[PDB]
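**Student:** Next up is a structure, given as structure tokens.
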Amino acid sequence: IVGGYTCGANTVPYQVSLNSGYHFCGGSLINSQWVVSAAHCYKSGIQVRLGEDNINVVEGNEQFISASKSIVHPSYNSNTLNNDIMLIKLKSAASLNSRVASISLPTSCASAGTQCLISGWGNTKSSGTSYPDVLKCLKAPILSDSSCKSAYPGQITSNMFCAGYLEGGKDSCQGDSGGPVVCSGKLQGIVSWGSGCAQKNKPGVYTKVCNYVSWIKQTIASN
Ligand SMILES: [Ca+2]
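What the sequence shown shows, in the deposited numbering, is residues 16 to 34, 37 to 67, 69 to 125, 127 to 130, 132 to 183, 184A, 184 to 187, 188A, 188 to 204, 209 to 217, 219 to 220, 221A, 221 to 245, in sequence order.
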């Protein structure tokens, strides 16, 4: 996260870390057995880390759980990043408490201007690379579809939204992918892609979770 602040330990109880011997993506807990993340974070060997603040120190409150399976959206397109969503089933059910809790799915899409909380352990630099130990947070509005499309003409599908600041200085960055975008208590977005980090007129692009609620529900029911 570039331009954000320290969240505070366990204040984003639905944030997960995907680990393969290092932190490579984020994700959100949506029930005791399932995490949502981005299709592009897809790899074998994933250990889901819940209740993490400092990802380098065991502090207490962590639960380390192997993914049992990862489900990339069948229509995911790695050139376009259209349908950039993935579900991960935990080998066993997390223990839900105040530190480790699930985020609700929206029942309707958010409008332009809604303020959301984005969070991750990704690079905190616009230029160069500086990874934090602790979770960082950012408040960012959802931009209008007109602005989003005039920033990335021919690249925005109806399953993507833009959020952030046209002025540069504040954004998600390398490391943050798969992580939540939460707006009024629901998960509206997934960190997906952009152009550099916190560059002027190049806001971050997010997966539009409201378009996937049925798919999520349907796939979880059958697995
Ligand atoms: Ca830790």
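Here a beta-carbon is modelled for each residue, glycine too, at the ideal position from N, C-alpha and C.
1) If you follow the alpha helix (DSSP H) that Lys224 is part of, which residue opens it and which one closes it?
2) Between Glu186 and the rest of its own chain, which residues show a CB-CB distance below 8 Å, the 5 nearest in sequence each way excluded?
3) Please report the distance separating the alpha-carbon of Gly23 from that of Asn101.
4) Just tell me which of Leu155, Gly193, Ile63 and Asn95 has its CA closest to the CA of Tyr29.
5) Would you mind working out which of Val17, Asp194, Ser146 and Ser236 sits nearest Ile212, comparing C-alpha positions?
6) Helix or strand or just coil, what does DSSP make of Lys145?
7) Output yes or no for whether 9 Å exceeds the beta carbon distance between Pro92 and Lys204.
8) From the DSSP output, in three-state form, read off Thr21 for me.
9) Report the residue from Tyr172, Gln192 and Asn74 whose alpha carbon sits nearest the alpha carbon of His57.
10) Let me make sure I understand the geometry here. Which of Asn97, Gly197 and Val75 has the alpha-carbon closest to that of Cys136?
11) When the distance is taken between beta carbons, is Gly62 closer than 9 Å to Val52?
12) Could you give the distance in angstroms between the alpha-carbon of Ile242 and the alpha-carbon of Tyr39?
13) Using beta-carbon positions only, say whether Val199 and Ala183 come within less than 9 Å of one another.
14) Cα-Cα, which of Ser49, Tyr59, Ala55 and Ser86 is closest to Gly69?
15) Are there 16 or more other CB atoms within 10 angstroms of the CB of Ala55, so buried, or fewer, so exposed?
16) For the alpha helix (DSSP H) containing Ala243, name the first residue and the last one.
17) Just how far apart, CA to CA, sit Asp189 and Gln175?
18) Given a cut-off of 9 Å, decide if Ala132 and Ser164 are closer than it, judged by their beta-carbon atoms.
**Tutor:** On the basis of the coordinates in this document:
1) First-last for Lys224: undefined, no H or E at that position.
2) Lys222
3) 32 Å
4) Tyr29 has its Cα closest to that of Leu155, out of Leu155, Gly193, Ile63 and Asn95.
5) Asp194
6) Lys145 falls in the coil class under three-state DSSP.
7) no
8) strand
9) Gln192
10) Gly197
11) At a Cβ-Cβ threshold of 9 Å, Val52 and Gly62 do not count as neighbours.
12) The straight-line gap separating the alpha-carbon atoms of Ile242 and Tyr39 is approximately 28 Å.
13) yes
14) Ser49
15) Buried, because 16 or more other Cβ atoms sit within 10 Å of the Cβ of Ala55.
16) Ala243: member of the alpha helix (DSSP H) spanning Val235 to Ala243, first to last residue.
17) 19 Å
18) yes
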